[PDB]
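One structure is given below, encoded as structure tokens.
There are 2 protein chains.
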Amino acid sequence: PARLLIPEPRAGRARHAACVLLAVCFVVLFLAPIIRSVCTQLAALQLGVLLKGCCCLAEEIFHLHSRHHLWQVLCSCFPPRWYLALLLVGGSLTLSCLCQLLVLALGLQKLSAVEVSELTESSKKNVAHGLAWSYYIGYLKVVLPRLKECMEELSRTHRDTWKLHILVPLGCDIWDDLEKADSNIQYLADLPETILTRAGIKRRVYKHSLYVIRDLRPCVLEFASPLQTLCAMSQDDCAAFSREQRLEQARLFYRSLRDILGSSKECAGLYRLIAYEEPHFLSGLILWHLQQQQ
Amino acid sequence: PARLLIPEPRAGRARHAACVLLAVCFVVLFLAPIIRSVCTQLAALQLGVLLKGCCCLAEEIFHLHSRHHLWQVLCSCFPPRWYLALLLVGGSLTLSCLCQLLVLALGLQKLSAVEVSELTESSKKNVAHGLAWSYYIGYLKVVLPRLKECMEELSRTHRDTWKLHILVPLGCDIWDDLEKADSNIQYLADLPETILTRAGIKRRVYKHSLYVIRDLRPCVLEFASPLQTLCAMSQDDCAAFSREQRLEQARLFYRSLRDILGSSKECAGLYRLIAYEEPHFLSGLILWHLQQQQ
Ligand SMILES: Nc1nc(=O)c2ncn([C@@H]3O[C@@H]4COP(=O)(O)O[C@H]5[C@@H](O)[C@H](n6cnc7c(N)ncnc76)O[C@@H]5COP(=O)(O)O[C@@H]3[C@@H]4O)c2[nH]1
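The structure is reproduced here in structure tokens:
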């Protein structure tokens, strides 16, 4: 199997390194008269933060009813601990205000790549987590409990392997015809369908397929579909989206899906996530996962 | 029809208000000796930004190969115009460094609601835009060109109305049985299906339905499905997601879908977005949209 390097979540040791550098710099400040001097700089920052809120009253007043329907807007305007800044302003000029305005005009407070990356993958509001929730709720929550009955119905036409391997290709190749993927992968038949009236559509139909892979074992197998969506979210270039970020979002999607099916409760063992990169081959990986459980 | 208040995109007039306040404050500074003093504050900011990059070398060194595979990491570490800060540091102490570290330790640089809102909806990497791209590529790109042929095939069993009204309920109510939605909405039949081998599944089936609404007109009609996903992304509470943000994300989804089908090229006039809030009724709105085109 190929080496799976998916990124871990952020541990948050940067604050620890900042604290250590703070303590070391205080020790070198060792080897009372200057503490007031600290305040002469400190509220100098906390003015400008307030200034940012003042400018954020600018556009938000054009969004009163359409986004916020007064006190809600000013509640949303500045960071929530606003009284510390005024508390520090009271404990004491135009140069500071003009410097903060000269910063805020030219826009030199642009965050870097790693900061927006941690802000993206920290919140659960990016593309990959929402799309993984869509794939979990819309498909996997519904089909997977009805898998064993259709398997038994085809059985009247190996109980360890009655699962649903989801191929998750961390990359670009997504194929509709898996018989073009290898000469070893062969189509045999399909499962009995599933009929559900979902979201106004009456009798929506979910299907499957059964693939026999030999040298001599059957399995159910399909691709994780919405990666295909990402495959058109950068090729068509109508979304601001790059290939390196495409690989990043695919790894994030596999990580989020692994997390969701980790704490899943209905999906007992019926799923089996197979993920890979491009280093024939795919049948060899399928056979390795298939023999691994036995 | 109900009043549709969807939020406009950010115009960006806050920078203009900052510039005006800058010019006015410079005029009051009117009515050369102090400009060097500006630099004594100015690089005082640009040190600390560099300090943030120093702390962002901390956790990123635990993410060398798993996210970035040296120079790529330091390239991603600080904001890209790094030389202006060192240029300003050269033009001239421990108090400034300790103040910036004391800020970065306690974490008082937390962005407000409106800043993270503009950062979210500014980039095309939130939940609603990616999910709208999924609904456009997976379903609307495929089905809609094959609509007229199925309509003509049922016609051999009103050409102005041969469309697909997508009900987009900006809210919480999403129903599977539209006959429970009103006594006026009646199910009649379904369109001939669509069979496509998509993403490894052989013979995936797309269906539709035809609803006759009288007092005396037929139409095709369905719900925008993945809003249902959002309806379970906060009720089950396994995602950090609120109801006010649910209404916000639904409005954002309708806006993004309106934008995508605005610049669409295959979907000629075959879609017709109907969106509403909860103020019987739904049939009255459907009849108003249906009579509006004629
Ligand atoms: N009304 C309606 N009838 C349909 O047959 C249908 N099929 C798809 N869709 C909607 O279009 C989009 C395309 O599916 P996508 O591939 O991007 O992810 C889909 C897809 O990965 C998976 N899935 C759903 N139905 C099938 C299916 N029959 N076969 C394989 N996978 C499916 O579940 C994901 C989410 O489905 P929904 O989020 O409930 O609505 C889908 C989706 O929004 C349909 N909408």
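From first to last, the protein sequence lines stand for chains A and B.
Here the first sequence stands for residues 11 to 41, 47 to 84, 87 to 109, 126 to 190, 197 to 254, 259 to 322, 328 to 342, numbered as in the UniProt record's numbering.
Here the second sequence stands for residues 11 to 41, 47 to 84, 87 to 109, 126 to 190, 197 to 254, 259 to 322, 328 to 342, numbered as in the UniProt record's numbering.
The C-beta atom is built at its ideal place from N, Cα and C for all residues, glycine as well.
query = Candidates B:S299, B:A58, B:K308: which alpha carbon is nearest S156 of chain B's?
reply = Locating residue 156 of chain B in the second sequence gives position 123, counting from the first residue. Taking only the C-alpha atoms, the option nearest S156 of chain B is B:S299.
query = Under the DSSP definition of a beta bridge, which residues are partnered with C262 of chain A?
reply = Along the first sequence, one-based indexing puts residue 262 of chain A at 219. DSSP lists A:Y250 as partners of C262 of chain A.
Inter-residue CB distance, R242 of chain A and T233 of chain A (contact presumed, cutoff 8 Å) = Numbered from its first residue, the first sequence carries residue 242 of chain A at position 203. Numbered from its first residue, the first sequence carries residue 233 of chain A at position 194. With 8 Å as the limit, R242 of chain A and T233 of chain A do not qualify as a contact, their Cβ atoms being about 10 Å apart.
ask   = So residue 1 of chain A packs on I205 of chain A, CB below 8 Å; how close in whole Å?
value = Outside the displayed span of chain A (11 to 342) sits residue 1 of chain A, for which this structure offers no information.
query = In this structure, what does DSSP give as the bridge partners for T233 of chain B?
reply = Indexing the second sequence from 1 puts residue 233 of chain B at position 194. Paired residues: B:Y245.
query = According to DSSP, which residues form a beta bridge with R315 of chain A?
reply = Here residue 315 of chain A corresponds to residue number 272 of the first sequence, with the count starting at 1. DSSP lists A:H204 as partners of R315 of chain A.
inquiry  = Considering only heavy atoms of ligand 1, does any lie closer than 7 Å to the CB of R243 of chain A?
reply    = Position 204 of the first sequence holds residue 243 of chain A. Yes; taking the cut-off as 7 Å, the Cβ of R243 of chain A has a heavy atom of ligand 1 nearer than that.
Alpha-carbon spacing of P269 of chain B relative to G63 of chain B, whole angstroms = For the purposes of this step, residue 269 of chain B is identified with residue 226 of the second sequence, where counting begins at 1. For the purposes of this step, residue 63 of chain B is identified with residue 48 of the second sequence, where counting begins at 1. Their Cα atoms are separated by approximately 44 Å.
key: Same chain, Cβ closer than 7 Å to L313 of chain B, neighbours up to 5 away in sequence not counted   = By 1-based counting over the second sequence, the position of residue 313 of chain B is 270. Same-chain partners within the cutoff: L177, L180, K202, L203.
key: For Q225 of chain B: DSSP bridge partner residues   = Taking the second sequence and counting its residues from 1, the one referred to as residue 225 of chain B is at position 186. Answer is B:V251.
key: N-terminal and C-terminal residue of the alpha helix (DSSP H) that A59 of chain B is part of   = Stepping through the second sequence from its first residue, residue 59 of chain B is reached at position 44. That run of the alpha helix (DSSP H) goes 50 to 75.
request  = Could you list which residues in chain A have their beta carbon closer than 8 Å to that of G305 of chain B, in chain order?
outcome  = Along the second sequence, read from residue 1 onward, the residue named residue 305 of chain B stands at position 262. For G305 of chain B, there are no neighbours in chain A by C-beta distance under 8 Å, as the nearest C-beta there is about 12 Å away.
key: chain B residues whose Cβ lies nearer than 7 Å to that of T272 of chain A   = One-based indexing of the first sequence puts residue 272 of chain A at position 229. Under the 7 Å cutoff, chain B gives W166, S167, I170, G171.
inquiry  = For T190 of chain A, report the span of its alpha helix (DSSP H) as first-last.
reply    = Residue mapping note: residue 190 of chain A aligns to position 157 of the first sequence, counting from 1. Per DSSP, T190 of chain A belongs to no alpha helix (DSSP H) and is neither H nor E.
ask   = Looking only at C-alpha atoms, which of B:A58, B:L14, B:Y169 sits nearest to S129 of chain A?
value = Along the first sequence, read from residue 1 onward, the residue named residue 129 of chain A stands at position 96. Considering only alpha carbons, the answer is B:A58.
query = How many angstroms separate the CA atom of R253 of chain A from the CA atom of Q271 of chain A?
reply = Along the first sequence, read from residue 1 onward, the residue named residue 253 of chain A stands at position 214. Along the first sequence, read from residue 1 onward, the residue named residue 271 of chain A stands at position 228. For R253 of chain A and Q271 of chain A, the distance between alpha carbons rounds to 28 Å.
message = ligand 1 and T236 of chain A: does the residue's C-beta get closer than 7 Å to at least one heavy atom of that ligand?
response = Start at 1 with the first residue of the first sequence, and residue 236 of chain A comes out as number 197. For ligand 1, not one heavy atom lies less than 7 Å from the Cβ of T236 of chain A.
task = Measure the alpha-carbon distance for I303 of chain A versus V106 of chain B and round it to whole angstroms.
result = The count along the first sequence starts at 1 and reaches residue 303 of chain A at position 260. The count along the second sequence starts at 1 and reaches residue 106 of chain B at position 89. Approximately 48 Å between the Cα atoms of the pair.
key: Contact the segment 217 to 231 of chain B vs the segment 282 to 297 of chain B: 3+ CB pairs below 8 Å   = The segment 217 to 231 of chain B is not in contact with the segment 282 to 297 of chain B.
query = Under three-state DSSP, which class holds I240 of chain A?
reply = The residue you call residue 240 of chain A lines up with position 201 of the first sequence. Residue state, collapsed to three classes: strand.
request  = Can you grab the Cα-Cα spacing for the pair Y172 of chain A / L141 of chain A, in whole Å?
outcome  = Here the question's residue 172 of chain A lines up with position 139 in the first sequence. Here the question's residue 141 of chain A lines up with position 108 in the first sequence. In a straight line, the C-alpha of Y172 of chain A is about 45 Å away from that of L141 of chain A.
request  = Examine chain B for any beta-carbon lying closer than 8 Å to the beta-carbon of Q56 of chain A, and answer yes or no.
outcome  = As a working mapping, residue 56 of chain A is identified with position 41 in the first sequence. True, the Cβ-Cβ gap to chain B drops below 8 Å.
ask   = Would the segment 91 to 98 of chain B and the segment 23 to 34 of chain B be scored as touching if the rule is three or more Cβ pairs under 8 Å?
value = Below 8 Å, too few C-beta pairs join the segment 91 to 98 of chain B and the segment 23 to 34 of chain B to call them touching: fewer than three.
inquiry  = Against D199 of chain B, what residues of chain A qualify as contacts under a CB-to-CB distance less than 8 Å, listed in chain order?
reply    = Indexing the second sequence from 1 puts residue 199 of chain B at position 160. Near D199 of chain B there are no residues of chain A at all, since even the closest Cβ is about 23 Å away, more than 8 Å.
ask   = In its own chain, which residues sit with a C-beta less than 6 Å from the C-beta of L217 of chain A, not counting the 5 before and 5 after it?
value = Numbered from 1 along the first sequence, position 178 holds the residue referred to as residue 217 of chain A. Same-chain partners within the cutoff: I224.
message = Taking 8 Å as the threshold (beta carbon to beta carbon), is residue 10 of chain A in contact with chain B?
response = In this structure chain A extends from 11 to 342, so residue 10 of chain A is not present and cannot be described.
inquiry  = Less than 8 Å between the beta carbons of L330 of chain B and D221 of chain B, yes or no?
reply    = In the second sequence, counting from the first residue as 1, residue 330 of chain B sits at position 282. In the second sequence, counting from the first residue as 1, residue 221 of chain B sits at position 182. A contact, by the Cβ cut-off of 8 Å.
ask   = Roughly how many angstroms separate the alpha carbons of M276 of chain A and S167 of chain B, rounded to a whole number?
value = The residue labelled residue 276 of chain A in the question sits at position 233 within the first sequence. The residue labelled residue 167 of chain B in the question sits at position 134 within the second sequence. Straight-line Cα distance between these residues: approximately 9 Å.
Test item: CB-CB of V160 of chain A and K67 of chain B under 8 Å = Counted from its first residue, the first sequence places residue 160 of chain A at position 127. Counted from its first residue, the second sequence places residue 67 of chain B at position 52. When the beta-carbon positions are compared, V160 of chain A and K67 of chain B stay at least 8 Å from each other.
task = Give the single residue among A:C183, A:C211, A:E185, A:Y169 whose Cα lies nearest to the Cα of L290 of chain A.
result = On the first sequence, residue 290 of chain A is found 247 positions in, with the first residue counted as 1. Nearest of A:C183, A:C211, A:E185, A:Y169 to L290 of chain A, Cα basis: A:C211.
request  = With a threshold of 16 other CB atoms inside 10 Å of the CB of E186 of chain B, please say whether the residue is buried or exposed.
outcome  = As a position in the second sequence, residue 186 of chain B is number 153, starting the count at 1. The residue is exposed, with fewer than 16 neighbouring Cβ atoms inside 10 Å.
inquiry  = Among the candidates A:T153, A:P208, A:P231, whose CA atom is the shortest distance from the CA of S188 of chain A?
reply    = Here residue 188 of chain A refers to the residue found at position 155 when the first sequence is read from its first residue. Closest option to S188 of chain A, Cα to Cα, is A:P231.
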